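A.B. asks: Provided hereafter are the protein sequence and its experimental coordinates.
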Amino acid sequence: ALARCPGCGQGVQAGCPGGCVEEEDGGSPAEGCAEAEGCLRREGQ
C-alpha cells in the first residue's frame, strides 16, 4: 500500500511546479555579459 498522498503537500502543489531554479529567466545565458556595463569592450556584435 502507500502511506503518503502524492501530488498534494505544499512546496510541490503550490511552490515549485517542476523546479525553482530555471536560471534568471529561462535558459537565458545573460548573467556576466548581459548589459553594457558588464562587458561593453570595443566590439560586441
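C.D. replies: Yep, that arrived. Numbering: from 1, shown residues only.

A.B. asks: just the helices in the chain please.
C.D. replies: With helices called from DSSP state H, the chain shows them at 36-39.

A.B. asks: Grab the most central residue of it for me.
C.D. replies: Nearest to the mean C-alpha position of the chain, by Cα atoms, centre = their mean, lies residue 22 at 1.8 Å.

A.B. asks: which residues sit in contact with it?
C.D. replies: With contact set as Cβ atoms under 8 Å, 6 or more residues apart in numbering, residue 22 has no partners. All C-beta atoms are positioned from the backbone trio N, CA, C, and that covers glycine.

A.B. asks: Let me know the distance separating it from residue 28.
C.D. replies: 9 Å (Cβ to Cβ, to the nearest Å).

A.B. asks: Residue 8 too?
C.D. replies: 32 Å.

A.B. asks: How about residue 12?
C.D. replies: 25 Å.

A.B. asks: One more: residue 18?
C.D. replies: From residue 18 to residue 28 the distance is 17 Å (Cβ to Cβ).

A.B. asks: Who has more neighbours out of these two?
C.D. replies: Legend: neighbour count by other Cβ atoms under 10 Å for residue 18 and residue 28, higher for residue 28 (10 against 7).

A.B. asks: distance of that one from residue 39?
C.D. replies: Taking Cβ to Cβ, one finds residue 28 at 16 Å from residue 39.

A.B. asks: repeat for residue 20
C.D. replies: Distance from residue 20 to residue 39, by Cβ to Cβ: 28 Å.

A.B. asks: Ok, residue 3 next?
C.D. replies: Taking Cβ to Cβ, one finds residue 3 at 54 Å from residue 39.
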